[PDB]
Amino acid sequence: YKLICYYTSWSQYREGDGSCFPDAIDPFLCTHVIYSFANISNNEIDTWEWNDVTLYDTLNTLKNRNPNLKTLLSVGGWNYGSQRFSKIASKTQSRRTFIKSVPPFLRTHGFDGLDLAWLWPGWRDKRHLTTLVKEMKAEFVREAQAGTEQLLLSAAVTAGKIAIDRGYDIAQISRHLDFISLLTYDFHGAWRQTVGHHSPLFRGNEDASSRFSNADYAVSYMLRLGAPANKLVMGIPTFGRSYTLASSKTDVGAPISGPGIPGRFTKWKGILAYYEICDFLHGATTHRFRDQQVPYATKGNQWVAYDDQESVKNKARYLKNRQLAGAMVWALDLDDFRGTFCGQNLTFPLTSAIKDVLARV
């Protein structure tokens, strides 16, 4: 069973206890840790922050304690133009230059693979993602001839049906990637003027226009499209999405005024870390969608949709019963990594809980 965990760069800036460094990462926790995100410059893979070389270095020392742990660097990300990627991929002289530069860079900084996080290809780009993936793997294969262990190649694939059809040739890219992580955590958002969960596990016979907006459907669609189970990985979020209520309506369907106020430590409209959530839960109203199997809480005029140990364990049995390759978690630095905000003295509660299901029968 694979356990892919993302660590984000910008998480070093968070203040106080919010601060997170590859340091904090427990080396036996995951099977793969992915550094997010690399930049592209002069058509070549390159660092993003000033001190990335240091952090890459810190993160790859974990391998001293755990020789079986693999690490990957992710290119792309949301704060990276889709457009920029699209430009490098359609012109063969630029794509090749991008391609040729990756093995050397990864080898220098001691990564084991590259993660493609192109969010998201347009309908005109599908043909080009496919070429990118194909040529990239071909280069990785050619580089192994030099007697090194072949680099891994993976991709982050969004989970809304429409998004998938528009830009991903699932049948084609799966033969070339080592694993695909499904971002099953973005099914709702402030962009819809009502309250709703972003990572429901099942459809829940409540509403029926968006029957394609849950992990279960996404996982089946990918399977029908030709991705083998032994390569699909289900994404499980460790943050929650917040919303400012526009009324006193707190139940399903309730109206919204916009995203929720920022967290003391993550400072971002509409997002909360699990550790900020554990604090929020005091004097909050506990609620849970029984059909969909995920919780939400509300207090004053704030309404938060999130995941806890029960939900995340539930998601893990799902992937086990469908025989998927494993689980991916976004992201380690949003979990209770110090282990001192969520009561019980356990660090990485959400992630350990997933591991526990994965590690048994």
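Residue numbers run from 1 along the displayed sequence. For the two forms, the rigid core is made up of the largest set of C-alpha atoms that agree within 1.5 Å on superposition.
- Annotation: of the segments 112-120 and 183-191, 183-191 departs further from this form in 5 other deposited structures of this protein (C-alpha atoms, root mean square over structures and residues, core superposition).
- Across the superposed structures in 5 other deposited structures of this protein, aligned by the core, the stretch whose Cα atoms lie more distant on average is 198-206, chosen from 131-139 and 198-206.
- Stretches compared: 235-243, 277-285. Higher mean C-alpha B-factor in the entry: 277-285.
- For the segment pair 25-33 and 38-46, the entry gives 38-46 the higher mean B-factor, averaged over Cα atoms.
- Of the candidates 130, 108, 248, 184, the one whose C-alpha carries the top B factor in the deposited record is 248.
- When the C-alpha B factors of 74, 94, 220, 71 are read from the deposited coordinates, the top value falls at 94.
- Looking at the C-alpha B-factors along this chain, the one for residue 84 belongs to the highest third.
- Ranked by C-alpha B-factor against the other modelled residues of its chain, residue 209 falls in the highest third.
- For residue 101, the recorded CA temperature factor ranks within the middle third of the chain's modelled residues.
- Residue 352: CA B factor lies in the lowest third for its chain, per the PDB record.
- Residue 269 sits in the highest third of its chain by CA B factor, as recorded in the PDB entry.
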